[PDB]
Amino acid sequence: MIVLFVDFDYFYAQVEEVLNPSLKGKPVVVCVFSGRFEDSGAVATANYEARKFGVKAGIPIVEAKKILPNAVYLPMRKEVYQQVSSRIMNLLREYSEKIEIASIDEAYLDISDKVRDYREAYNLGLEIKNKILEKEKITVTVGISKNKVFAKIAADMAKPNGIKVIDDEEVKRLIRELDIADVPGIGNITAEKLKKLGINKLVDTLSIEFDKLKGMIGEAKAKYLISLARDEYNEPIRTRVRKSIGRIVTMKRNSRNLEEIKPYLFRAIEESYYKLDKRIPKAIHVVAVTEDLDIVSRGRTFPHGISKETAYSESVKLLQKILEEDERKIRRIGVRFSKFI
């Protein structure tokens, strides 16, 4: 199998630049404002000018403004980025029928039946890159290798505006020398636990005791890392169906007062249904963030799709159940819909 992964560079920020080129060269920070106060919320993403100084995905807006008070701060316009994204993906479906859209700015192309060797893969890469730069003025990074994971790792090493192949020889090497925390799917919480087992490289999972690994990171991740270590990575390039849609919102102030919360909940539901757009869910879950930033949710599943009225009544019950089973005040309330027809 030959895999070509495409990762759009600092995507949200890059899109704002394209729609307004005068932003080029300037640090641009795309933000998601929470509303509890002035500048409340986190940064979704920033261009490289802003990242050189620490401003990156996740840092509070307030802190980003302390570092770069004159940077350009823009509100997240997901709808716009999604449309630009869809056009780019469609350009990609032209280089292969077997494409997996892993997210708004990532896609995996199984190009076996399109190229014979990496040289030809690399060259198809350049085509793809140029086509996107020309057509949309968006720079992306291409990763090419034997499977989805190493094709992603190839992109991670070459971004931004890069292109990199990782052949079978580099893979065997990476299995030995790559820091495990750089393995797609392994996050901070799993990364640290792996350090607590003497595991820093993929190869290290082959010596530990399975039941010990299984019971520390989980049977799924365990089996996952072992398969990569034995270089037998098992999971093809399939489509991908967004399986859930929701919305969480922040309230002006905390409270466990049903009538105070309802307006927010109902707003979450309306926005949620706007996105559903033709998709009929069968399950609904209500989500609440307590005053001490703890998450709590309660959902229910039906044998038929959920009309908006049912969604309306059912969410009050779920919210009430929550308020009942938890004594803390609520800070944020949201809903989530899934199991579509």
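Think of the rigid core as the biggest set of C-alphas that the two forms share within 1.5 Å after superposition. All residue numbers are counted from 1 along the displayed sequence.
Between stretches 132 to 140 and 230 to 238, greater average Cα displacement in 8 other deposited structures of this protein relative to the shown form, fitted by the core, falls on 230 to 238. Annotation: of the segments 324 to 332 and 15 to 23, 324 to 332 departs further from this form in 8 other deposited structures of this protein (C-alpha atoms, root mean square over structures and residues, core superposition).
Higher mean CA B-factor, judged across 54 to 62 and 31 to 39 from the recorded values: 31 to 39. Checked against the record, the higher mean CA B factor of 294 to 302 and 42 to 50 lies with 294 to 302. Per the PDB entry, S207 shows the highest C-alpha temperature factor of the residues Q82, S244, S227, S207. Highest CA B-factor among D105, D156, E260, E100, as stated in the entry: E260. Remark: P75 belongs to the lowest third of its chain, ranked by C-alpha B-factor as recorded. When all modelled residues of the chain are sorted by CA temperature factor, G198 is found within the highest third. Among the modelled residues of its chain, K172 has a C-alpha B-factor that falls in the highest third, as given in the PDB entry. When the modelled residues of the chain are ordered by C-alpha B-factor, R267 sits in the middle third. Sort the chain's modelled residues by C-alpha temperature factor and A13 lands in the lowest third, per the entry.
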